[PDB]
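Working notes, beginning with the structure itself.
Just so you know, all these numbers are worked out from the coordinates, no wet-lab data involved. Because the Cβ atoms are built from the backbone with ideal geometry, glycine has one as well, and the counts that use them run over all protein chains shown.
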Amino acid sequence: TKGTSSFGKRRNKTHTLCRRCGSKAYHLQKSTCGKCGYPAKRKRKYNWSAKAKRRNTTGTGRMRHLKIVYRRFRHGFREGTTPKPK
Amino acid sequence: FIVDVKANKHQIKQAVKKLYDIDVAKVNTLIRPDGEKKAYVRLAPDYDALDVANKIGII
Amino acid sequence: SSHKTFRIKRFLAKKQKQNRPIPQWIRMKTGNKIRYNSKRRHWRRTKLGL
Amino acid sequence: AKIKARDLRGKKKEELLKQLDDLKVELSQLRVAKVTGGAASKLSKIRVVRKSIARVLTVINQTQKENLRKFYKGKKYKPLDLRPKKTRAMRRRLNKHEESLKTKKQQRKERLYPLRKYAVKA
RNA sequence: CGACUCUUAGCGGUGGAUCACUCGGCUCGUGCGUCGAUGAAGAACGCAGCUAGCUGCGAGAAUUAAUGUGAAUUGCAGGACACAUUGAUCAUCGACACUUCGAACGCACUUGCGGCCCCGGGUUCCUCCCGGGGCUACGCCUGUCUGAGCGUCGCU
RNA sequence: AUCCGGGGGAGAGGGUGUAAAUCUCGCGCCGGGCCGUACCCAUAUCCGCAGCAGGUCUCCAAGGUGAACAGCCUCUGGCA
RNA sequence: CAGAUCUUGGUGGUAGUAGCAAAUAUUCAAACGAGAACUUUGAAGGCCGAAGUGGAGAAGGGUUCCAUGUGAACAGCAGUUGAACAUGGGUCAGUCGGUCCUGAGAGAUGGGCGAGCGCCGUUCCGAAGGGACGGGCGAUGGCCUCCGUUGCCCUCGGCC
RNA sequence: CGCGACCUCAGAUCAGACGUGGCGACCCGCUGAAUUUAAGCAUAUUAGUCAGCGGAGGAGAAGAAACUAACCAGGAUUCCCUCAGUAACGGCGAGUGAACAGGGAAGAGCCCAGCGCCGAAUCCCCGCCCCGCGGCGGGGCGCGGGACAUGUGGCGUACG
Ligand SMILES: [Zn+2]
């Protein structure tokens with residue numbers, strides 16, 4: 001039918017892991033992500049889902065580089081001068 | 001042996017040959033479920049797999 | 001499947017490494033709160049991607 | 001045991017590699033001791049060695065770049081490493097003595113009508 | 001009335017309200033007001049003696065070096081240190097590293113296929129097979145080199 | 001994709017003991033990275049909120065009666 | 001605060017009640033064991049009866065696979081068993097597949113459109129071939145004999 | 001039917017550069033609805049608002065009148081109070097709705113092209129050597145390259 005008798009035919013996967021967002025949104029039959037949009041050059045961000053800008057903007061990650069700009073700035077971007085040796 | 005993930009069978013031969021000053025006939029490398037590339041190093045007939053075993057520490 | 005891609009086999013490797021229970025000695029740390037692992041899953045009650 | 005970084009700064013770059021490969025064999029040996037039994041004596045020691053290789057490698061990488069950064073000083077085209085990395089903007093925006101220039105017209109006016117102190121009784 | 005039921009009280013259970021706490025939030029103000037092709041934001045994978053996440057970090061991976069302090073970390077074993085000395089632990093971090101995906105950059109998205117130059121095996125010039133090293137994106141500016149035209153001319 | 005046969009004759013080869021060629025004729029040497037590889041495959045390991053009478057693609061296919069892979073009984077194999 | 005078929009949390013009567021009835025079927029003895037209608041062995045009686053209640057695969061699951069052990073919890077009774085729980089172990093390729101090829105289709109530069117992220121389009125308004133035999137010269141290399149090799153040019157090549 | 005200028009126009013893994021993306025609380029440029037109100041409803045209102053697209057900065061934008069005035073006249077921009085919920089718009093319904101003048105915060109001014117004069121007096125880059133140099137600058141040395149007459153640099157711009 002269309003109830004439980006039709007749920008057995010579900011043995012295909014339209015989506016799969018994306019390569020940029022990391023989520024499961026990479027629509028296979030047409031090659032375009034859902035959560036970020038992969039082949040395009042612009043991260044998909046919309047203002048109608050404010051709880052979707054909170055999940056993956058700046059802060060939620062590890063910040064391998066934006067963390068040490070903040071440490072660097074407090075002193076003024078010092079360069080090449082080791083502290084006075086002993 | 002257990003070998004880094006990105007390592008050819010051509011590369012494992014050189015490492016063991018240069019490490020223990022030994023000879024290798026052929027190598028077989030599966031990759032375990034955990035993600036470590038297990039490697040089976042068939043030893044050359046000129047050498048005794050026990051006598052090399054004692055050197056590298058394993059009983 | 002026994003035709004799994006390399007990437008999938010790698011992803012199904014982390015999901016095995018982190019299925020273990022907590023080490024016993026964790027509970028005795030001075031500031032310690034956890035008392036049994038929570039993320040732990042059983043392959044009949046969770047479907048890996050959902 | 002313990003190897004300071006205050007005796008490694010001067011040894012030859014062909015002498016360090018001798019000790020660097022010595023440890024990597026010593027670390028290789030200990031890793032066996034973990035798998036095939038061993039005791040708590042050797043297991044804790046792996047952390048002592050694994051940081052020694054950090055000490056020796058860093059000293060090499062430092063004397064390799066300090067020498068190079070002496071080689072490229074006084075030159076005008078130096079590789080992308082040895083140039084400062086400040087930000088995106090503090091390289092394209094600022095300038096040494098290029099955005100401190102005054103035209104002839106601007107120079108002569110400041111030269112001719114200089115600003116000078118005064119004060120007024122009430 | 002022994003039972004059953006009802007009402008109240010003592011006690012014991014199911015339950016977590018009230019009360020007091022609080023390394024948490026909301027709101028207001030001040031100072032500063034800084035990301036990225038030298039590779040950002042985000043994502044995957046890894047790393048501890050025992051360790052799953054949480055945090056921290058990147059094959060130098062629960063950190064290296066330097067400075068300041070000055071005798072610990074600790075859940076258990078181990079030993080580092082003559083604490084005597086660069087000298088345990090922590091804070092700062094200016095030096096030194098920084099895997100793979102990502103604007104993502106040889107073509108692709110399957111650890112797939114390549115080219116061009118250097119080094120070591122493979123050679124001993126004898127071409128290959130192996131490993132290591134450096135490049136191989138689009139648009140755009142100035143300059144260089146090579147060029148195309150029954151475009152405009154000059155000359156022999 | 002790849003592999004092959006045919007036509008045509010630009011070229012090569014030596015001047016009398018030897019060549020150039022074998023759409024390798026018989027031998028001989030060296031090399032063949034990278035990733036998947038267990039198991040279930042279903043009235044229990046999949047989808048239906050589960051050890052759900054539902055659903056989901058194929059290969060193998062004995063003896064007897066019988067037109068027959070029908071129905072029914074038995075052997076290899078399996079089950080409570 | 002008594003109410004809003006009020007929100008969240010909790011507990012009753014119903015109630016030890018409905019129920020544990022789809023596909024013929026179990027019995028005797030023995031073993032470990034504290035314990036046995038259910039676990040294991042043996043004997044018997046039955047069924048699935050090769051379009052299977054059999055022997056393997058693809059999708060899909062992702063360690064359920066195998067061994068040792070456990071008696072909290074789950075397996076709508078139980079259980080000495082498990083698909084559970086705790087430790088260990090396991091997946092080896094020139095020749096089996098992937099990779100290579102094109103199929104319906106998808107898609108970028110050229111071009112066109114568009115306020116704009118981009119869009120239409122696939123030979124279509126494009127200087128789209130970076131390769132080769134030989135030849136002339138310069139020029140190394142190694143027995144600069146001879147050939148491997150290199151730069152300029154002459155030639156050759158449909159861009160489909 | 002060769003040689004040499006210039007003009008248009010390509011290819012370079014040519015030397016040296018730069019953009020791509022992220023954040024978006026504040027800002028700038030486009031695009032731009034419907035619930036709602038009118039006791040219905042279409043103009044109107046909600047409103048040039050939310051949603052969409054682009055682009056930066058620690059601030060953006062604006063800015064030294066092709067101005068306001070009509071006075072005995074003020075004097076770039078922005079911001080506060082006031083003018084004012086007024087003038088004006090509106091199925092003149094619902095509703096919408098500024099500005100000049102005043103006092104304050106701050107106060108900063110200017111540069112070109114053209115007209116023309118100066119022997120392109122102008123400029124980018126290579127190479128050499130001397131100095132500094134972790135915002136690549138200065139000293140000179142070059143019968144070293146190129147741009148530039150289809151116009152660079154100084155004087156000079158409505159206050160002349
Ligand atoms: Zn994505």
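Placing unit charges on C-beta atoms (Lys and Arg positive, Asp and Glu negative, everything else neutral), compute the dipole magnitude of chain B about its Cα centre in debye, rounded to 20.
300
What does the range D:1-117 give for Rg and for Dmax, in Å, if only its C-alpha atoms count?
Spelled out, the Cα radius of gyration and Dmax of the range D:1-117 are 27.2, 90 Å.
Between D:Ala122 and D:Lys96, what is 0.36 nm times their sequence separation minus the Cα-Cα distance? Round to one decimal in nm.
4.8 nm
Highest first, please rank the peptides B:17-24, D:71-78, A:3-10 by the mean number of other Cβ atoms sitting within 10 Å of their residues.
Order by mean packing, descending: B:17-24, D:71-78, A:3-10.
Let's see if you can work this out: charge +1 on each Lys and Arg Cβ, -1 on each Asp and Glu Cβ, no other charges. What is the dipole magnitude of the protein assembly as shown about its Cα centre, in debye to the nearest 20?
So the dipole magnitude of the protein assembly as shown works out to roughly 3200 debye.
Assuming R0 = 22 Å, what is the FRET efficiency of C:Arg7 and B:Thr29, from their Cβ-Cβ distance, to the nearest 0.05?
With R0 = 22 Å, the Cβ-Cβ based efficiency is 0.75.
Nothing charged except the Cβ atoms of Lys and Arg (+1) and of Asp and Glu (-1): what's the magnitude of the dipole of chain D about its Cα centre? Round to the nearest 20 debye.
1220
Can you pick out the pairs among B:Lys18/B:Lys55; B:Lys38/C:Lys17; A:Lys9/C:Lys9 whose Cα atoms lie more than 22 Å from each other?
A:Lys9/C:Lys9
What number comes out for the charge environment of D:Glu98, summing +1 per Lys or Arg and -1 per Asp or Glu over other residues with Cβ under 15 Å away?
That sum, taken over residues with Cβ under 15 Å, equals +4.
Enumerate the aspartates and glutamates that B:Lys13 could reach by cross-link, defined here as Cα to Cα under 15 Å, with residues fewer than 8 away along the same chain left out.
B:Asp4, B:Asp21, B:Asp23
With an 8 Å Cα cut-off and a minimum separation of 6 or more residues, compute the relative contact order for chain A in percent.
Worked out over chain A, it gives 11 percent.
Semi-axes, largest first, in whole Å: what does sqrt of 5 times each Cα gyration tensor eigenvalue give for chain B?
Ellipsoid semi-axes (Å, largest first): 20, 13, 10.
Run the reach check for D:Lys75 against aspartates and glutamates, Cα to Cα strictly under 18 Å, same-chain hits fewer than 8 apart removed. What comes back?
The reachable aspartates and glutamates, counting only those whose Cα sits under 18 Å from D:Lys75, are D:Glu66.
Among A:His27, A:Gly37, A:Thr57, which residue has its Cα positioned farthest towards the positive end of the charge dipole of the range A:13-86, with +1 placed on the Cβ of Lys and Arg, -1 on the Cβ of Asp and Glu, and the dipole taken about the Cα centre?
Ranked along the dipole, the leading option is A:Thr57.
Using 7 Å Cα-to-Cβ label points, what is the D:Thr58/B:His10 separation (nm, one decimal)?
Calculated label separation equals 3.7 nm.
Using a simple spin-label model with points 7 Å from Cα along the Cα→Cβ vector, what separation in nm is obtained for B:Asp21 and A:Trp48?
7.4
What is the spin-label model distance, in nm, from A:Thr14 to D:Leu80 if the labels are put 7 Å beyond Cα along the C-beta direction?
Roughly 4.2 nm, to one decimal.
Using DSSP to call loops (not H, G, I, E or B), can you name the chymotrypsin sites (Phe, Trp or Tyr not before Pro) in the range A:24-79 whose Cβ has at most 13 other Cβ atoms within 10 angstrom?
A:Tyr46, A:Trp48, A:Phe77
Per 10 Å bin, what percent of the C-alpha pairs of chain A does each bin hold, from zero upward?
Binned Cα distances yield the sequence 13, 25, 23, 19, 10, 6, 3, 1, 0.
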